[PDB]
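The lines below spell out each chain.
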Amino acid sequence: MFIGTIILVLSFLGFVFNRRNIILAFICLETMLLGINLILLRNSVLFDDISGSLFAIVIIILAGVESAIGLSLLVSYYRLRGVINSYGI
Amino acid sequence: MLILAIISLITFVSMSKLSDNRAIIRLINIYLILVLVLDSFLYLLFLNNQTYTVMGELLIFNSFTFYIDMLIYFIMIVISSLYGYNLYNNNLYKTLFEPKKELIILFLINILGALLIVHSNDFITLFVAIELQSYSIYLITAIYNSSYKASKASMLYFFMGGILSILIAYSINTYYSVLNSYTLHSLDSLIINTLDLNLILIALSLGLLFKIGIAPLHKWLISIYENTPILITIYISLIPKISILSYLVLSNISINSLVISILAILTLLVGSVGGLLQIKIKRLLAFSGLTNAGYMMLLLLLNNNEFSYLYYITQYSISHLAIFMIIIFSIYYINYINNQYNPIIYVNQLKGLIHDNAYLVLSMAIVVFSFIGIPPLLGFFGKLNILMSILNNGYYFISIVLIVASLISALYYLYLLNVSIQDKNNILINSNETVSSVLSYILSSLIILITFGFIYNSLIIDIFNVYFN
Amino acid sequence: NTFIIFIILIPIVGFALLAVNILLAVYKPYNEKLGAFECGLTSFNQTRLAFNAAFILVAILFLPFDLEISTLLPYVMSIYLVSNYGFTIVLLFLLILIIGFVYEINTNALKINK
Amino acid sequence: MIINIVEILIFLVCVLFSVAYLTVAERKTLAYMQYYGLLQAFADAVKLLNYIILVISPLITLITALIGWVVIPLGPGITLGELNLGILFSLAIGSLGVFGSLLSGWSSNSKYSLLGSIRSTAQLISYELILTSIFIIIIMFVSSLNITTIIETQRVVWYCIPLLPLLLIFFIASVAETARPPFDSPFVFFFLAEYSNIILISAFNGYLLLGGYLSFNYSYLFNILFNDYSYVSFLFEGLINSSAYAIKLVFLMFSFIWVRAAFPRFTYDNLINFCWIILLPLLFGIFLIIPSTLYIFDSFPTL
Amino acid sequence: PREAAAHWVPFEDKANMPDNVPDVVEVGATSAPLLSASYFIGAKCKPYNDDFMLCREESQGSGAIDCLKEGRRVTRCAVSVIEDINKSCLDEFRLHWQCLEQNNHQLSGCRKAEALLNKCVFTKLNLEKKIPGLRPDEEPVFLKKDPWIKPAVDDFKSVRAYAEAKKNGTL
Amino acid sequence: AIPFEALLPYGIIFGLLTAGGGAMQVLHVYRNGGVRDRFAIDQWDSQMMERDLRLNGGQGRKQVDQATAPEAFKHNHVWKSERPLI
Amino acid sequence: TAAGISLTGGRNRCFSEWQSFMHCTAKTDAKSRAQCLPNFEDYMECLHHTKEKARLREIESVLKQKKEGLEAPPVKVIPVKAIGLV
Amino acid sequence: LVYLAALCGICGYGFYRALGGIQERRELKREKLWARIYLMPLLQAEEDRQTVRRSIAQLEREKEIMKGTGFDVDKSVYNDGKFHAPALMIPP
Amino acid sequence: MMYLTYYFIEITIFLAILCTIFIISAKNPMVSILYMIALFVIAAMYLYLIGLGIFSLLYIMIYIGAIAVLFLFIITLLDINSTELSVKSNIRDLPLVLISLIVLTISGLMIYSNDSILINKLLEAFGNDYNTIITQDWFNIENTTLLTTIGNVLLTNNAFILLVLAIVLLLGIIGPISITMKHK
Amino acid sequence: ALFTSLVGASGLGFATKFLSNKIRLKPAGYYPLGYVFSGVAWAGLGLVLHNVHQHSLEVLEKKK
Amino acid sequence: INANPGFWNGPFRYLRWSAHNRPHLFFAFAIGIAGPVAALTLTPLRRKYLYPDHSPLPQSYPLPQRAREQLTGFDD
Ligand SMILES: CCCCC/C=C/C/C=C\CCCCCCCC(=O)O[C@H](COC(=O)CCCCCCCCCCCCCCC)COP(=O)([O-])OCC[N+](C)(C)C
Ligand SMILES: CCCCCCCCCCCC(=O)OC[C@H](COP(=O)(O)OCC[N+](C)(C)C)OC(=O)CCCCCCCCCCC
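Residues numbered from 1 in each chain as written, not as in the entry; some residues may be left out. Chains lettered and ligands numbered in written order. Part of a larger assembly, values for the part shown. Heavy atoms only, no water.

Digging into the overall build of chain A
Looking only at helices and strands, chain A features three helices and zero strands. Seen through its principal axes, chain A has C-alpha atoms that stretch 65 × 30 × 10 Å. Among the 89 residues that make up chain A, the fraction classed as buried is 79%. Contacts spanning at least 24 positions in sequence make up 56% of the contacts within chain A whose residues lie at least 6 apart. Total accessible area on chain A is roughly 2200 Å²; 58% of this is exposed by carbon and sulfur atoms. Of the side-chain charges in chain A, 5 are positive and 4 negative, and the distance between the mean point of each set is 24 Å. (Helix = DSSP H or I, 4+ residues; strand = E, 2+ residues; numbered from the N terminus. Buried < 20%, exposed > 50% of the residue type's maximum accessible area, 1.4 Å probe, protein only. Contact = heavy atoms within 4.5 Å. Areas by Shrake-Rupley, 256 points an atom, 1.4 Å probe, with all protein chains shown as cover. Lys, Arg positive; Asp, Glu negative; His and termini not counted. Charge placed at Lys NZ, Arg CZ, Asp CG, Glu CD.)

In structure tokens form, the structure reads like this:
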């Protein structure tokens, strides 16, 4: 597989360099998962086997759960809730 | 027994007040105690090393998995006792050790992920268990998010573990592309000899071992251990390591690996030398765990290593729990508290502890000597089994590195005792409050295990010989 | 083959990124008037705004619940083939998910400003 | 080639005219109870051409809203694209339709518009959960993602009759999906895209619950009128199917503008709480009961 | 096996069949006639078909080249039964396949033509239509009365033929 | 009273949709050669239409019930040459 | 496990080779496992077709270095619209 | 209670029609499935005969191109003697 | 016609390269989100080209209408009340990248003579100048699609995996609630 | 011997109780009923382990 | 005015309280728990009285379990 592997390479090296760009690092995590899924789906199609596609959907669900957890982490980190709690208990 | 506990906890904690957290954790403590003492008879399924496959070849079950499983319940019982039971009945200790509403549920889900890692028979199950454990441990690390010191550690651990899990998935999918399979049952001697799938397994072992933090990827987990709350650090630094190392031992995919051997030597050297450069307790214990991880990784280079690994992991788990609980008990004997999450930071704050609780210092001396390997404590016997195993396979340079690493690590282990046996003229601001009887009993039981577990060495050897052969 | 592509592509784009990132070494040193923020003065008089935790929880929990729903699609495409065994498995799956739904309902985590 | 071009041109013209005329319909309906913008904006948008993706966002959102129509049938096999995954394609387009409000909120570079976009986006995803839930509930009776297949299974009985509360839930969730009261240059693009999404949701409800193009059986009528297959008979049957489907669509449309010109507007917090406290528990109950009902009577649908 | 991909082209082979294997006439009926006559073909040639499969699994991979002869037998039996139909029940067969083509190849919308063809074949071809695996408690789907599902439009000339037959009394 | 002006554009949309659907039905019939369309076709259906196209000489969906096929069908079998998926 | 299942619920492309290889492994032991090398080689060939690719490369190299004509029925390519025509 | 009782009747009558429709569709699917079952032996044999003709044709084509070269064409890449349909055709 | 359809896959690959570079080479987080949305669209088209249109639909559904929507939602929360994110210097981590990448280049370099028998593997890997032959058979009678097979395997063969992913979704429900709201 | 194993386990329990008392900065004879409880519990664990050992030896001998 | 009487204090009193004071949750639980319970307690009754389950549908060709018999007819 070409496209998946090259997306994975580019996103991995984008992660390694920035490493302090949490928005972009988490984007790179998402794109690396996408690149792995592409390779897995291509090999599943080539082999005509269902295990590749099953692992692909499992990776999709795990990626969604991971994205939800990570975005909750970013909410807590950047204090997205806001405060305006001045003059209050 | 664990799924039902998780479901019941979600249901019960949903409809409970915040003040019921201690009671719920106690209830689960006795629940797990009864699970161990009442369902322990299941070890009869594994006479003569009988092995079973469960859930359509997705899980494996033998005496090794059963023993790691029971050890994980024992560790979980001890750690959950550290949360349910109050060390001191005063508002300060109320504030420092206060469990979150979801902490016990996350703990049980992480235990479930670790057990599924240990029992995995397929790469799909392996990856799913890894992701379960990883997401749970991220949530455990982040559930105390009132500090930037903990927040940076949570974010770093999330991102580094995400990269590591992506690498693991990439290796698994490369294996699938090569063989059109997701299980190790398709790997035989002919399969290894004919085709070069060694690099795939090396990459998989790399990704798995970096999750527990071997060199040269140790600094991030050491920072995380330093910055997380100590009641969280005691858990996040033991259970994932146990799960990953048990899966690696049972997988048996790194026979006489040059890369694994070099990385183990590097891990030992880094852990031993970097420990000398530490003035913080948490970083010192992190490098101690790194050195122990290197010791156990030395066992990945040879076969028939089940007994040595099991003995070493059990004794190290007991010693790790004991040393963190000693550090927790010593909090009462210092004049100031660093943070709400990490009340003690520097080894210098333990100075003169022998004038406040001499028997606490005695227990710490026992556990530190077991870490060094002074007979007849369990640590010496675990290190001796490691030495016997490595000399049986002819790794002489590895043995020399092991001995040198132990000798170097003894220096920064005795650093703790030397600091603690000093003289502190500053008298305490606190006096006569009684420490918890349950937690003190558990700590004393751990110390007595470390001190007198060598009585049952022959009994354990015979049980292993009959149940693993 | 994927490993090969990975290994040889690492040095090339690695050096490219290395060069393009040694470029910013010095650049726009953000000498902007950062004086009122290093003191603690405010110039908005307005734009306070707020976000109840329930709002962001609705936004975030749209994702796991949508995954839960979309996981039902494979079942409805093979409902007849796996009739009773699959029916029981889906019942257990749904009950486990409803445990979490009960958690989010009892906690009242999703109730916007009252 | 020519036939396909003529068909797609006719369908696009009809859809665009319907969307444009529904604005006038809504205005007149409001008046009694109590267009031409694309050409000027397209040249302005072309003049504008990171600015690139931000500039291209509105028209591509409108294109997505229009492509949502490619799978809507007007009869057995009568569609631009006969997709075996028409339900999944419809769900994907409906999911993509939430980007319009967000990018429109960004377009103005205004904080108040951004709050509007955030509230709208949260409400849209909240009721997208309901819409997808009802979609899957319906699919549980068909075991197929082909829209024409579901419409054909609805010959025995419209799925509305066994699931009338589901019809009410879908209608409420549809009024709340598009921020329609009481459930409330790029502007013209987003406006027509929004109304296209409204008509798409009406069509979704129509072929999920109201039977689609079906009407009273006309086998006897065709037997009396005609003695053999002819283009006149095909034209008449197509006219009947399309008239029935369009009358159902118009009824749903009139219901939407009626609730706009009806029961008083509700607050946003109540709008989301109604979905997350009242609708979703019912939908999970239906998730549990429908397969249970099919298992009790041994009626699991086949492929 | 999976279907083709984004780019695929069909390549035509004009090489002659090897002379060692005998040449046999092959079925020329399209989809609708085959759907109409599948039950009769199966009823007449089930033993040859069973022999064909049994050889296919016994050859263990070489079914294409080792099971030629009974495959020739099966195609000969199919040609024989189709010739019997094409010289025997022309009208009913034409009704049935035309209706099936006009009714999206679904057997539900052509019960009248199905019945006509069934009576023709059972009357003077000595072949009977049945669905295996049915217990005597339940009655066959093709003999049902008052169906749950009705065709969109009943075929005009098919209904006329049914009415003419029921005036005759053949049914 | 019923507002006819309010319902006028609704009727316009109704009529436009009806006429468009009728035209689409007529066009589909003309393209199919006077027969109804095929919907929800699986792999078996696609293979059947491919075989029918091979049999009838490419005359659309024309059906022939002749027992003996012409000699052209003995050599018109075509395989699909898939581009390698990189 | 989901091994041995294709994308349509049937038997995958390399079902026969894998079945033969696992039967050979079951009928043999660890010491005699070396006898089952051809089965694993055939399974890997079904997975990747390396030997087939090498043979095709040799054939193409031989073909591209020849100038004389070929007297043998070649393969004709036709458009999808021209399937079964003439 | 009249509306609730009527709603049960409306839903009950709809379910009875809906439930029955599924069951008959299963029977119709059963009839459709058995129709394709009988057609497989005649359709599969026709493809099998064509497969042999194309396989031998490629072997005859390949051996004539390589005439005068020391290579083995009839030797299959696989180790077993079973018939194997040739794949990976050379682009035209 | 044929010229474009033969290189649709390569066009998607090149567009993916451009989108990923634009992702890792921007300043505004919005630009990266929009370009990863474009990358997801390109991945969907690429999956359609292979013959996985259902997976492309699943991608467009989940990764865009949920994941990307939540990404853009969270970023929009960061902008209405302007809170610029502090930009720390990566020059701290540049030296380690230098050392590691020089080590990797040297590891690829001392191969030298052995590259003559290893680079050729990638040389024929790049070529791939053979077309797959697609043959037809009639062994399938049921109208079974990819999603049906997914459901069958996930509900019967790997139902345990389905239950463990149920626990994973349970975790994804509990965790955000645990770390987002202040109880009592 | 079983009696010796029970005595050793009970002594280990007594040592654990004594160590717990001394850690809490309490006299050695603080809660003697706790000494009894700890000794009984540890003796029971020792009895279970001794039974496991006896069964292990029985299994080892039986395959001869 | 209204206070929860507690489920454990009285089951039927709490059932009435939920039906009258919390309609949405009570009905959600009612339809949710009816499904599996009614299935378990009614499916055997339906099988015994209403109608037996249908015969399994074919998934592939039914292969006879026998040896190849010698047949005559339609030879070359
Ligand atoms: C009333 C039921 C309560 C049982 C709950 C047990 C929880 C175990 C948890 C944490 C580990 C603590 C030490 C366990 C001892 C090993 C047992 C065994 O023999 O180890 C063998 C395998 O040896 C090995 O490879 C190496 C083991 C390394 C042990 C290192 C610690 C040494 C000091 C401990 C001496 C014990 C002091 C007791 C004082 C009365 C497993 O034996 P097995 O799989 O055949 O089953 C055992 C039968 N069982 C389940 C009833 C118990
Ligand atoms: C929890 C649900 C309990 C409901 C119990 C009702 C049973 C009443 C007895 C009438 C059955 C009958 O006599 O009609 C029989 C019908 C149809 O079968 P048939 O083809 O005509 O029979 C011939 C048998 N063959 C084909 C094998 C020859 O069967 C049914 O499925 C209808 C059941 C009524 C609707 C129940 C829907 C449940 C409500 C769902 C709300 C979410």
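Examining the site of ligand 2
Around ligand 2, the neighbouring residues are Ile289(D), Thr293(D), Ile296(D), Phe297(D), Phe15(H), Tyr16(H), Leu19(H), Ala38(K), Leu42(K), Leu50(K) and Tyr51(K). Taken together, the residues near ligand 2 originate from chains D, H and K. Between ligand 2 and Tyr51(K), the relevant distance is 3.4 Å, taken from an oxygen atom to a side-chain nitrogen or oxygen of the residue. For ligand 2, the accessible surface in isolation is 970 Å², of which the surrounding protein chains cover 53%. If you list the elements that add at least two residues to the shell around ligand 2, you get helix 12 (268-296) of chain D, helix 1 (2-65) of chain H together with helix 2 (23-50) of chain K. (Near = heavy atom within 4 Å. Polar contact = N/O pair within 3.5 Å; in protein donor to acceptor, adjacent residues only side chain to side chain.)

So, the packing of helix 1 (residues 31-59) of chain E against helix 4 (residues 90-102) of chain E
Residue and element names in this part refer to chain E. Contact pair helix 1 / helix 4: the axes reach a minimum separation of 8 Å and the direction vectors enclose 120 degrees. For the element pair helix 1 and helix 4, the recorded crossing hand is right-handed. Across the interface between the two elements, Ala32, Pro33, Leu35, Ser36 and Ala37 of helix 1 pack against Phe93, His96, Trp97 and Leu100 of helix 4. Of the residues assigned to the contact of helix 1 with helix 4, the class counts are seven nonpolar, two polar and no charged. (Axes fitted to C-alpha atoms, helices over the stretch in contact; angles between N-to-C directions. Left-handed = near helix turned anticlockwise from the far one by under 90°. Nonpolar A, V, L, I, M, F, W, Y, C, P; charged D, E, K, R; others polar.)

Quick look at the interface of chain I and chain C
Listed by partner, the interface residues are 44 residues for chain I and 49 residues for chain C. A combined buried area of about 4200 Å² lies between chain I and chain C, and 87% of that area is made up of carbon and sulfur atoms. Among the residues chain I hides against chain C, the three largest losses belong to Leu155(I), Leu169(I) and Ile173(I). Together they make up 14% of the total. If you look at where chain I meets chain C, you find zero salt bridges. For the interface between chain I and chain C, the tally reads two residue pairs in polar contact. Of all the secondary structure elements, the ones that give two or more residues to the side of chain I that touches chain C are helix 4 (53-80), helix 5 (94-109), helix 7 (146-157) and helix 8 (159-180) of chain I. Here the element with the most residues in the side of chain I that touches chain C is helix 8 of chain I; it accounts for 13 residues. Of the residues belonging to the side of chain I that touches chain C, the class tally is 33 nonpolar, eleven polar and no charged. (Buried area = accessible area lost by both parts, 1.4 Å probe. Salt bridge = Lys/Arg side-chain N within 4 Å of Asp/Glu carboxyl O.)

Describing the site of ligand 1
Taken together, 21 residues lie near ligand 1, and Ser40(B), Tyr67(B), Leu310(B), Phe464(B) and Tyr467(B) sit nearest. Taken together, the residues near ligand 1 originate from chains B and J. Here ligand 1 loses 88% of its free accessible area of 1100 Å² to cover by the protein chains. For the shell around ligand 1, the secondary structure elements donating two or more residues are helix 2 (21-38), helix 3 (63-84), helix 15 (306-329) and helix 20 (457-467) of chain B together with helix 2 (32-62) of chain J. Residue classes in the shell around ligand 1 are distributed as 17 nonpolar, four polar and no charged.

Side note on the packing of aromatic side chains
Residues and elements named next belong to chain B. Applying the stated rule across the entire model yields 86 aromatic pairs over all chains. Ring centres 5.6 Å apart and planes at 45 degrees place the aromatic pair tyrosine 43 and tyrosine 467 in the tilted group. Within this pair, whereas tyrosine 43 is found in the loop between helix 2 and strand 1 (52-54), its partner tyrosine 467 is found in helix 20, the two being separated by 424 residues in sequence. Overall, the relative accessible area of 23% leaves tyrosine 43 in the partly exposed class. (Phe/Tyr/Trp six-rings, centres within 6.5 Å; stacked < 30°, edge-to-face > 60°.)

Some thoughts on the state of the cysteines
Under the defined criterion, the tally for this structure stands at six disulfides over all chains. Paired through a disulfide, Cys55(E) and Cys67(E) show a sulfur-sulfur distance of 2.0 Å. In this structure the cystine formed by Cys55(E) and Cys67(E) twists about its S-S bond by roughly -90 degrees; its chirality is therefore left-handed. Of this pair, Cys55(E) sits in helix 1 while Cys67(E) sits in the loop between helix 2 (63-66) and helix 3 (68-88), and the two are twelve residues apart along the sequence. Among the residues examined, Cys55(E) registers a relative accessible area of 6% and is labelled buried. Among the residues examined, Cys67(E) registers a relative accessible area of 2% and is labelled buried. A sulfur-sulfur separation of 2.0 Å characterises the disulfide bridge that pairs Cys89(E) with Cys120(E). Taking the torsion about the sulfur-sulfur bond, which here is approximately -95 degrees, the covalent link between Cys89(E) and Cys120(E) counts as left-handed. Of this pair, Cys89(E) sits in the loop between helix 3 and helix 4 while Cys120(E) sits in helix 5 (residues 111-124); the two residues are 31 residues apart in sequence, bridging distant segments of the chain. The burial state of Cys89(E) is the same as that of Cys120(E); both residues are buried. Among the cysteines around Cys160(D), which has no disulfide bond, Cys11(H) carries the closest sulfur, lying 8.9 Å off. (Disulfide = S-S within 2.5 Å.)

Focus: the arrangement of the chains
A comparison of contact numbers over the 32 pairs of chains in contact places chains A and I at the top. There is a clear gap between chain D and chain J: no contact, and 47 Å between their nearest C-alpha atoms.

Some remarks on the interface of chain I and chain A
Contacts between the two partners involve 53 residues from chain I, matched on the other side by 48 residues from chain A. Interface area, chain I with chain A, both sides summed: about 4600 Å², of which 85% is carbon and sulfur. When the buried surface of chain I facing chain A is broken down by residue, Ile24(I), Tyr63(I) and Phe71(I) rank first, second and third, together holding 12% of it. In this structure, the connection of chain I to chain A is made through two salt bridges. Among the salt bridges present, the one from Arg20(A) reaches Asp93(I), with a minimum N-O distance of 2.5 Å. Those elements giving two or more residues to the side of chain I that touches chain A turn out to be helix 2 (8-24), helix 3 (29-50), helix 4, helix 5, helix 7 and helix 8 of chain I. Sorting elements by how many residues they give to the side of chain I that touches chain A places helix 4 of chain I first, with eleven residues.

Remarks on the nonpolar core
In globular proteins that are soluble, nonpolar side chains generally tend to be buried together. Among the nonpolar cores identified, the biggest contains 540 residues, and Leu38(A), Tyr235(B), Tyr309(B), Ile130(D), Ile138(D), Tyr207(D) and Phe55(I) are the most heavily contacted of them. Top contributing element to this core by residue count: helix 4 of chain I, with 23 residues. Ignoring sequence-local partners within four residues, the contact set of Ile138(D) consists of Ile150(D), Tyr159(D), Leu163(D), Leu166(D), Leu208(D) and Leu209(D). (Core = buried A, V, L, I, M, F, W, Y, C linked by side-chain atoms within 4.5 Å.)

A closer look at the environment of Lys14(E)
Relative to the helices and strands, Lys14(E) is located in the loop between strand 1 (8-13) and helix 1. Exposure remark for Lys14(E): the relative accessible area of 43% places this residue in the partly exposed category. Beyond its immediate stretch of four places on either side in the chain, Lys14(E) contacts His75(F), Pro74(G) and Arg53(H). A distance of 3.2 Å separates a polar atom in the side chain of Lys14(E) from the backbone oxygen of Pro74(G).

Observations concerning the pairing of strand 1 of chain E
Consecutive side chains along a regular strand alternate between the two faces of the sheet. Note: strand 1 of chain E against strand 1 (residues 78-82) of chain F, five bridges, orientation antiparallel. In the strand pairing of strand 1 of chain F, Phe11(E) is matched with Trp79(F). (Pairing = 2+ DSSP bridges.)

Digging into the UniProt feature "transmembrane region" (unreviewed entry) in chain A
Residues and elements named next belong to chain A. The sites that carry the UniProt feature "transmembrane region" (unreviewed entry) are, in the present numbering, residues 21-41 and 53-78. Secondary structure content for residues 21-41 is 95% helix and 0% strand, while the C-alpha to C-alpha distance between its ends is 30 Å. Secondary structure over residues 53-78 splits into 100% helix and 0% strand, and the C-alpha atoms at its two ends are 37 Å apart. (UniProt positions renumbered as here; feature names shortened; annotations may be inferred.)

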